[PDB]
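We count residues from 1, following the sequence as given. Below, all heavy atoms of this structure are taken into account, side chains as well, without hydrogens, waters or symmetry copies.
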Amino acid sequence: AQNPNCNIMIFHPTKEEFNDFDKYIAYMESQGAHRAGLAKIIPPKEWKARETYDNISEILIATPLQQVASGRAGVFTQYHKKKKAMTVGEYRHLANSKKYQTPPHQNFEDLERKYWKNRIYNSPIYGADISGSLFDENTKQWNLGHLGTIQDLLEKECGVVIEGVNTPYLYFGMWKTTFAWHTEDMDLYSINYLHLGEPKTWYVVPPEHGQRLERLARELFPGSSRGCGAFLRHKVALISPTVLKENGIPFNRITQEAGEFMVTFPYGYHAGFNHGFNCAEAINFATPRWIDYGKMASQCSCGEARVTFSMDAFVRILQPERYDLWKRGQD
Ligand SMILES: O=C(O)CNC(=O)C(=O)O
Ligand SMILES: [Mg+2]
Ligand code: NI
Ligand SMILES: [Zn+2]
């Protein structure tokens, strides 16, 4: 068995190996990368996502989200308070202000320590989940707006044609902006490219151990657990590495820097935070190996998780028993 300790693997494809996206994902899995839940891909030195980022300031963040925490430093939830629209230029200036900027620090470990110590005492503003792309149309390799769609993968593997579309999303971050512990919708893959700015630290639980994280989360968030049998689908709960270690939960961590891709694998729980002003682009995707994960994915039917148009068809075809109840949640 490849990668039996489930370590995060880092790949350095050549420009020739960067041509065929599907084939490279399958290669990484042949080496055991999926066992970690997360892999890093450093693009060949010849590649670029676009020529410059000098002209992005007028992108609108229609609904910036202020991430307000509750709980204790290592075990907390966050809720998202909607703020007034602002441009990316306005948001960058806000991120760099004395109230929101990254503190002085020695290295990524010191910054990580400071994040876990102090996150709950601040409410950073995240420009998350913005439909769009920063890849140049002429970038032919690993262009997250030109990937094969999940609906086409389902149709190729299973023969059924379904409605829905699959487009990327932009994330503009600042110091302390946080992504809560989650797997993807329908336990899909995700791919995330850090276009510019300061790093993003990731934490990940191996897919084979995901239920250990779920059992800890039920213990730590006991009212949420009674409310919903899949409350991590709400994407609000945070648990620190110190707490995970105290409870014996297997996990790994890695920091992504600008110019790097991360891939999350089916049922790989992940969480993390931004170091300072940055912009990432991410999208879900599927492979043949995903189909069985999609059939088994948990679902929120309490109504809180409220998700995309395209997830309807995935539930309807892969999980027809659940369909009915899940759709009562979504209506
Ligand atoms: O970058 C973020 O805030 C969150 N991203 C992801 O969870 C992902 O790419 O799967
Ligand atoms: Mg612009
Ligand atoms: Ni994710
Ligand atoms: Zn729910």
Query raised in the report: Would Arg233 and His182 count as a side chain to side chain contact (heavy atoms under 4.5 Å, CB included) if you check the C-alpha gap in whole Å, the side-chain angles of each, and the deciding distance to 0.1 Å?
Result: CA-CA 6 Å; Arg233 298 282 170 207; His182 70 283; over 6 Å; no

Requested in this report: Mind jotting down which residue pairs meet the salt bridge (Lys or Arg N to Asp or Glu O under 4.0 Å) criterion with at least one end in residues 144-170? Sequence neighbours excluded, please.
Outcome: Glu163-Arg316

Query - Other ILVMFWY residues reachable from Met262 by side-chain steps of under 4.5 Å - result: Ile8, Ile10, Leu38, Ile42, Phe179, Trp202, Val204, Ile254

Query raised in the report: Where is the tightest heavy-atom contact between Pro206 and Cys6, given as atom of each residue plus distance?
Result: CG-CB, 3.6 Å

**Report entry** Flag side-chain contact, heavy atom, 4.5 Å: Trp175 against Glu198
**Finding:** no

Query - Output field: ring centroids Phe261/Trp47 closer than 6.0 Å - result: yes

Query - Side-chain cluster (under 4.5 Å, hydrophobic types only) that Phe108 belongs to, other residues - result: none

Query raised in the report: Other than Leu60, what residues sit in its cluster of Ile, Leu, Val, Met, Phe, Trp and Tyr side chains whose heavy atoms are under 4.5 Å apart, directly or through others?
Result: none

Query raised in the report: Say you draw a straight line from CD1 of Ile317 to CG of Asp312; how long is it, rounded to the nearest 0.5 Å?
Result: 9.0 Å

Report summary line: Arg35 meets the salt bridge (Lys or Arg N to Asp or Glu O under 4.0 Å) criterion, sequence neighbours left out, with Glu208

**Report entry** Atom pair CZ/CD of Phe231 and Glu214 - distance to nearest 0.5 Å
**Finding:** 9.0 Å

Query raised in the report: So which heavy atom on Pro250 is nearest to which on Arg212, and how close?
Result: CD-CD, 3.9 Å

Query raised in the report: With a cut-off of 6.0 Å (strictly less than), are more than 12 heavy atoms of other residues, nucleotides or ligands near NE2 of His105?
Result: yes

Requested in this report: Please assess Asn278 against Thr177 for the test side chain to side chain contact (heavy atoms under 4.5 Å, CB included), listing each intermediate value before the final yes or no.
Outcome: CA-CA 10 Å; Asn278 66 17; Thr177 51; 5.6 Å; no

Requested in this report: For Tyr203, check ring-ring contact (aromatic ring centres under 6.0 Å, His included) against everything at least two apart and list the hits.
Outcome: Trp116

Query raised in the report: Using the ring of each side chain (for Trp, its six-membered ring), is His275 parallel, tilted or perpendicular to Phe273, with breaks at 30° and 60°?
Result: parallel

Requested in this report: Tell me, yes or no, whether the heavy-atom count around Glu16 atom CD, taken from other residues, nucleotides or ligands under 6.0 Å, exceeds 12.
Outcome: yes

Report task. Working to the nearest 0.5 Å, report the span between CD of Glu260 and OH of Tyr193. Result -> 9.0 Å

Report task. Evaluate the side chain to side chain contact (heavy atoms under 4.5 Å, CB included) criterion for residues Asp110 and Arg113: first the C-alpha distance (whole Å), next the side-chain angles of each, then the deciding distance (0.1 Å), finally the verdict. Result -> CA-CA 5 Å; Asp110 187 29; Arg113 179 191 67 70; 2.8 Å; yes

Requested in this report: Could you list all the salt bridge (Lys or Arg N to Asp or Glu O under 4.0 Å) pairs where at least one residue sits in residues 57-72, not counting sequence neighbours?
Outcome: none

Query raised in the report: Atom NE2 of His146 and atom NZ of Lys140: how far apart are they, to the nearest 0.5 Å?
Result: 6.0 Å

Requested in this report: Any salt bridge (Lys or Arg N to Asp or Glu O under 4.0 Å) involving residues 265-277? Give me the pairs, sequence neighbours left out, ordered by first then second residue.
Outcome: none

Query raised in the report: Residues in ring-ring contact (aromatic ring centres under 6.0 Å, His included) with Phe21, at least two apart?
Result: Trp142, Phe285

Report summary line: Those residues at least two apart in sequence (or on a different chain) that pass ring-ring contact (aromatic ring centres under 6.0 Å, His included) with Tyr269 are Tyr267

Query raised in the report: With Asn5, which residues qualify under side chain to side chain contact (heavy atoms under 4.5 Å, CB included), at least two apart?
Result: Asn7

Report summary line: Taken in chain and number order and not counting sequence neighbours, the residues that satisfy ring-ring contact (aromatic ring centres under 6.0 Å, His included) with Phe76 are none

Report task. Could you check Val236 against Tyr79 for side chain to side chain contact (heavy atoms under 4.5 Å, CB included), going step by step and ending with a plain yes or no? Result -> CA-CA 7 Å; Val236 300; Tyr79 84 92; 5.8 Å; no

Report task. Could you tell me whether a side-chain N or O of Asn143 sits under 3.5 Å from a main-chain N or O of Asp136, the two making a donor and an acceptor? Result -> yes

Query - Same apolar cluster: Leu194 and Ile56, side chain cutoff 4.5 Å - result: no

